[PDB]
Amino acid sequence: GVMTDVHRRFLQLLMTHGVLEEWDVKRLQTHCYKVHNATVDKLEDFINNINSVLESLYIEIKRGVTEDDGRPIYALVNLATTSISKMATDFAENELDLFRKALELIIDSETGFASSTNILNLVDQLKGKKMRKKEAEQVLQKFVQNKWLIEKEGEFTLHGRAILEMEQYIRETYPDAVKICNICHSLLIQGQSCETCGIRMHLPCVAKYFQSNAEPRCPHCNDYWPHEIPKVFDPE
């Protein structure tokens, strides 16, 4: 595929950063163009062009939506399924197992969040080099720094980048514990659940499904929706 230097510099900076909000990659696209001064093509055409070059590598620039407010994010994602290697290469064995333990807690969690105290209790269980809570507290912040985890009120959830990177791995490894959205049929970490039945929805999914509706009803059991309906994400 047609690959110029503005596309390479785009890919280079898209990897230094873990993940970028759509307005920041459009900023990045224009940025790379102003350091080489022709017409700035549409972001969709710019991305679709690169992905067709990445096909032989079976990776892609994949669009994703966050689970808290539903803003669009972009990350370089493997088309494969064993995409645990992207963190397995970047971190140590004990840091790796720490993330796995943390991952196990987040999935089994109802909120999609796991407290620090609950995670730090598995330090003695960690494979590889022996670490302690002080070190583990640093590694968790490193996961936050590298956009693998998100911290709220001393509790951790999966970053949108993490879901983009290894949704395939998570499902094939924890098929009984995973949660899927009733609307988009995709992996769900945090979200709202019906209290009549047991289906769950991504916060941005309930936002669009119940959009402008004066009486939100659960699509499965047609019972009144108990939770707050968010407003869909609008870039303004």
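Numbers follow the displayed sequence, beginning with 1.
Chemist: From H36 to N37, how many deposited residues does the entry skip: none, 1 to 3, 4 to 9, or 10 or more?
Modeler: Gap between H36 and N37: 1 to 3 unmodelled residues.
Chemist: Of the two stretches 156-164 and 75-83, which shows the higher Cα B-factor on average in the entry?
Modeler: The recorded data point to 75-83.
Chemist: Which is higher in the entry, the mean Cα B factor of 41-49 or that of 207-215?
Modeler: The entry gives the higher C-alpha B-factor average to 41-49.
Chemist: Choose from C184, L188, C32, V65 the residue with the greatest Cα B-factor as stated in the PDB record.
Modeler: Result of the comparison over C184, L188, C32, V65: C32.
Chemist: Return the residue from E137, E104, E110, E95 that has the highest Cα B-factor in the entry.
Modeler: Highest C-alpha B-factor among the listed options: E110.
Chemist: Taking the entry's C-alpha B-factors for this chain, is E55 in the lowest, middle or highest third?
Modeler: According to the entry, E55 has a C-alpha B-factor in the chain's lowest third.
Chemist: Taking the chain's C-alpha temperature factors as the reference, tell me which third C197 falls into: lowest, middle or highest.
Modeler: Its C-alpha B-factor, which the entry lists for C197, ranks in the highest third among residues of this chain.
Chemist: Would you check the entry's CA temperature factor for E22 and let me know if it's in the chain's lowest, middle or highest third?
Modeler: Answer is middle: the recorded C-alpha B-factor places it there.
Chemist: What third of the chain does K129 rank in for C-alpha temperature factor, lowest, middle or highest?
Modeler: Highest third.
Chemist: By the recorded C-alpha temperature factor, relative to the other modelled residues in its chain, which third is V232 in?
Modeler: Middle third.
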